[PDB]
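> Build me a model:
(one chain, ligands or ions: 5)
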Amino acid sequence: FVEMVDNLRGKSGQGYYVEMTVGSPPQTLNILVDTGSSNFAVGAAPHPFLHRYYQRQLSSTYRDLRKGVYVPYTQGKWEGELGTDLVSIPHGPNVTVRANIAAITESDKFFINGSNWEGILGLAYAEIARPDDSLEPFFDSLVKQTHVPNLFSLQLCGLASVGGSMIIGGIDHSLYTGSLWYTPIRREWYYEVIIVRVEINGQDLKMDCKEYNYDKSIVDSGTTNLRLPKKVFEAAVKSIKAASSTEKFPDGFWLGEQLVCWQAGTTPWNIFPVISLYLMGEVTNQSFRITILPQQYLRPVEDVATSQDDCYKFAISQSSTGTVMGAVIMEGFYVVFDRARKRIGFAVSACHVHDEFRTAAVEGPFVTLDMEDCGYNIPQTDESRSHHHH
Ligand SMILES: CC1(C)Cc2cc(Cl)ccc2C(N[C@@H](Cc2ccccc2)c2nc(=O)c(C#N)c[nH]2)=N1
Ligand SMILES: [Zn+2]
Ligand SMILES: [Zn+2]
Ligand SMILES: [Zn+2]
Ligand SMILES: [Zn+2]
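Numbers count the residues shown, from 1 in each chain. Ligands and ions are numbered 1, 2, ... in the order given. The relevant structure is shown in the block below.
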């Protein structure tokens, strides 16, 4: 898949985008790759931080669905008018499909100054599509209309410019080394997975493993940080603080709200521990671990005021909606979203993050005799229970 290698670009902390074309004649836009949502939505009216947008009036193939959609986030919102148009990925498979498109007509805190993407490609499953699951997501239309295999893979390589690859329909062996380990997709909504054990510099956090997946764990290219449920995040911060106790940092650093700096080239990486997340294996009683270096979770931020200094932001943060394996985790790894086989694969990425003495790793198997169920069952609302799925 040499045509798809290197088809991602981005800015540090503003995700990764792929080129897509919409309409006829083709209007090219840069579209955020988001495995944490399931709408394809594109800016479709002027905005101060956009200089291009989808012009439905210029597409002879555009059809209006005459139905609006409103998508709130805890940080902002976008809203728009649903329709369909022809869509292709110029640096992807050689096919064109008729897909649902939400034309974003207004938004708040969604498009950011200097980001360079004009829309978002929700790669997760219909269940979480807005306004409901009857709006077929892009990848579903892609696989149904063409012979593209039902799989995609992401190599996300670490404002600074970033790059990577989204291989659509395949796995490209040139983008990883060593073993590829698969963990099951627990349920097809988010790319939900189960973490069975967490270690910080080889020391077990020794929490009940349900705490790791409370109320879910998901793989999310739309999230920057590794985000951890409250109790886990506190135990992790306690452990990382212990390891790094030669350095007393301010509270704001541990909150993600303050940089910490050393003289250029002197950062003491050795005092910051590796973190290993052990993911359920395909075989009952087996897991494998993914091991993250501090260079993945301490993100450099170029200081405008101290040229002499290497400065970093702590990129692990607290969650109340479960564990989120964001860019912090993914940047280590070639991640295969094997929708056909309901599994997610992890191998060490060919764009490796370097530490002098340690390596981001994917290792297994680890066997447990004790097969505790580490999944959490989210309390069923009457709202969920009552909707019919015909
Ligand atoms: C998918 C996308 C665009 C959805 C989104 C919507 C809105 Cl309105 C505001 C921010 C985000 C958002 N935030 C990401 C960072 C992002 C911005 C732009 C592109 C990709 C990622 C995020 N990551 C975190 O770690 C975090 C925390 N803690 C909070 N937020 N990601
Ligand atoms: Zn507004
Ligand atoms: Zn531009
Ligand atoms: Zn019914
Ligand atoms: Zn349904």
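
> Where does the protein get nearest to ligand 2, which residue?
Across the chain, no residue is closer to ligand 2 than residue 108, which sits at 4.3 Å (C-beta to the ion). All C-beta spots, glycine's among them, are computed from the backbone N, C-alpha and C.

> Contacts only, for that residue.
76, 77, 78 (C-beta atoms under 8 Å, 6 or more residues apart in numbering).

> nearest residue to the residue of the chain positioned farthest from its centre other than its sequence neighbours?
The C-alpha centroid of the chain is most remote from residue 60, which lies 33.8 Å away (C-alpha atoms, centre = their mean). Nearest residue to residue 60, sequence neighbours excluded (C-beta to C-beta, 6 or more residues apart in numbering): residue 24, at 5.2 Å.

> for ligand 2, what are the nearby residues on this structure?
Applying C-beta under 5 Å from the ion, one finds that the chain approaches ligand 2 through 106, 108.

> Mind telling me which residue of the chain is nearest ligand 5?
Counting by C-beta to the ion, the chain gets nearest ligand 5 through residue 389, at 3.5 Å.

> I'd say that residue and residue 133 touch.
Yes - with contacts counted by C-beta atoms under 8 Å, residue 389 reaches residue 133, the gap being 7.3 Å.

> For the two, indicate the residue with more neighbours.
residue 133 (16 against 8; other C-beta atoms under 10 Å).

> Can you give me the distance of the residue of the chain closest to ligand 5 to residue 343?
24 Å (C-beta to C-beta, to the nearest Å).

> With residue 308 instead?
47 Å.

> for residue 43, same thing?
With C-beta to C-beta as the criterion, residue 43 and residue 343 are 34 Å apart.

> cool, residue 258 as well?
Residue 258 is 39 Å from residue 343, by C-beta to C-beta.

> of the two, who's got more company?
Taking neighbours as other C-beta under 10 Å, residue 258 and residue 343 compare with residue 343 leading, 18 against 14.

> who does the more buried one bridge with?
residue 184, residue 338 (DSSP bridges).

> what about residue 336, how many neighbours?
As a measure of burial, residue 336 has 26 neighbours, counting by other C-beta under 10 Å.

> is it true that it touches residue 183?
No - using C-beta under 8 Å as the test, residue 336 is too far from residue 183 to be in contact (10.6 Å).

> what is in contact with those two at once?
With C-beta under 8 Å, 6+ apart as the test, residue 336 and residue 183 both reach 344, 346.

> mind listing the helices for the stretch 251-390 of the chain?
251-254, 294-297, 327-330, 382-386 (DSSP state H, counting those that start in this stretch).

> okay, which residue is most central for the protein?
Centroid-nearest residue in the chain: residue 221, 1.4 Å away (criterion: C-alpha atoms, centre = their mean).

> Give me the neighbour count for the closest residue to that one other than its chain neighbours.
Leaving aside its chain neighbours, residue 221 sits nearest to residue 35 (4.6 Å; criterion: C-beta to C-beta, 6+ apart). Close neighbours of residue 35, defined as other C-beta under 10 Å, add up to 25.

> Tell me which residues are up against stretch 356-374.
178-181, 194-197, 209-210, 212-213, 269-270, 274, 278, 280-281, 283-293, 296, 332-333, 346-349, 352-353.

> repeat that for 6 Å
Stretch 356-374 is contacted from outside by 181, 194, 196, 209-210, 213, 274, 281, 285-291, 293, 332, 346-348, 353, using C-beta atoms under 6 Å, 6 or more residues apart in numbering.

> how far out from the middle of the chain is it?
21 Å (C-alpha atoms, centre = their mean, to the nearest Å).

> residues in contact with the residue nearest to residue 333 when sequence neighbours are not counted?
Excluding the flanking residues, the one nearest residue 333 by C-beta to C-beta, 6+ apart is residue 346, at 4.9 Å. By C-beta under 6 Å, 6+ apart, the contact list for residue 346 reads 181, 290, 333, 335, 362.

> Now which of the residues you listed would you call buried?
Among these, the ones that count as buried by 16 or more other C-beta atoms under 10 Å are 181, 290, 333, 335, 362.

> could these go into JSON lines alongside distance to residue 323?
Putting those into JSON lines (distance: C-beta to C-beta, whole Å) gives the following:
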{"residue": "181", "distance to residue 323": "18"}
{"residue": "290", "distance to residue 323": "12"}
{"residue": "333", "distance to residue 323": "16"}
{"residue": "335", "distance to residue 323": "15"}
{"residue": "362", "distance to residue 323": "18"}
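
> Now do the helices in the stretch 51-200 of the chain.
Using DSSP H, counting those that start in this stretch, helices in the stretch 51-200 of the chain cover 138-145.

> Which positions in it make contact with ligand 5?
So the stretch 51-200 of the chain meets ligand 5 at residue 133 (C-beta under 5 Å from the ion).

> let's see 8 Å
Within the stretch 51-200 of the chain, the residues that sit near ligand 5 (C-beta under 8 Å from the ion) are 126, 127, 132, 133, 134.

> Touching, the first one and residue 134? I think so.
No - with contact taken as C-beta atoms under 6 Å, residue 126 and residue 134 are classed as non-touching, separated by 7.6 Å.

> More neighbours: these two, which one.
Using other C-beta under 10 Å as the criterion, residue 126 and residue 134 rank with residue 126 on top: 16 against 9.

> For the stretch 251-390 of the chain, which segments are assigned as strands?
Under the criterion DSSP state E, counting those that start in this stretch, strands of the stretch 251-390 of the chain are mapped to 260-263, 275-280, 286-292, 298-300, 309-314, 316-319, 323-325, 333-338, 343-349, 361-367.

> Only C-alpha atoms, please: export the last one in CSV.
Once side chains and other backbone atoms are set aside, the C-alpha atoms of strand 361-367 remain, and they are given as CSV (Å, rounded to 0.1, in the frame of the first residue of the first chain):
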residue,chain,number,x,y,z
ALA,A,361,7.2,-2.3,23.3
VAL,A,362,4.5,-4.8,22.6
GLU,A,363,5.1,-8.0,24.5
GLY,A,364,3.3,-11.3,25.3
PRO,A,365,1.8,-13.5,26.1
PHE,A,366,1.2,-13.2,29.9
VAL,A,367,-1.0,-15.9,31.4
